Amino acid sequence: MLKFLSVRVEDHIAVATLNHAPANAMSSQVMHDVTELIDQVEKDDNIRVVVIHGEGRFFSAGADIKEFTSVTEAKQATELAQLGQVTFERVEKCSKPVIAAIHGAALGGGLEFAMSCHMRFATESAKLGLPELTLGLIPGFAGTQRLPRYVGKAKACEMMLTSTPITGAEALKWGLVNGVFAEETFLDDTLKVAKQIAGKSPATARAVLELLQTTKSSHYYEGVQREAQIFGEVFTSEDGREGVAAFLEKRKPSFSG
């Protein structure tokens, strides 16, 4: 039993429910639970597919702002960025297909999690985005590398620099999700997909997943290293401290370079 993830297996499908009330923030503990889920999924021969969704209104609204306050320093910040990067690389490397079922919102760290899953389905009105620059920070869980490789460099640029999220319907247009389903049947419609996948032989599922990883170049991996380093730098900068303080104080930050 994991603290913020509950898992129920039915017909070789592990349905994992993220439950870190009220917005399912990707805290350090949740990351540990994610790594444990992937370990469990990889060892259980009965499990052929995993579907991940959020409890409550949201898939996941972000990383946990409580771990990024004034009390945290630059080395811990780089390390926290790297914990999310490592965790989400474990998800993406999972030998069993992992589907993110998104309703409500997947923002920031939450979208970075979803992005590391092999497939995503969303409701039409779900909000997907990377609003980290509102805090004077950058995405630090590989979002700067994953997002442009989904939606292209230009859209990714716009989404990061404006911080504005896009709807599930728009994310479909831009290739950030696989498909949209109605809110009423959304989890069930995603489970239908999982059930089709569960019918295929494990060795072929594994093979497809492996062969899909060839787009992860050494330029990609070095980008992820760079992102973690930059994250720590901006985090401890005057502008990064101000951005985070402004958010907590419900005011518009003032950046000075």
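A residue's number is simply how far along the shown sequence it sits, counting from 1.
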(Q) Highest mean C-alpha temperature factor of the two stretches 105 to 113 and 180 to 188, which is it? (A) 180 to 188
Q) Out of 169 to 177 and 70 to 78, which stretch has the higher average CA B-factor listed in the record? A) 70 to 78
Q: Identify, among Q225, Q40, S60, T215, the residue whose C-alpha carries the highest B-factor in the deposited PDB entry.
A: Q40
(Q) Quick check for you: using the entry's CA B-factors within this chain, is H219 in the lowest, middle or highest third? (A) lowest
Q.
Could you place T134 in the lowest, middle or highest third of its chain by Cα temperature factor, using the values in the record?
A. middle
**Q.** Third of the chain, ranked by Cα B-factor, where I65 sits
**A.** highest
(Q) Going by the CA temperature factor in the PDB record, which third of the chain does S95 belong to: lowest, middle or highest? (A) middle
Q: Going by the recorded CA B-factors, say which third of the chain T123 sits in, lowest, middle or highest.
A: middle
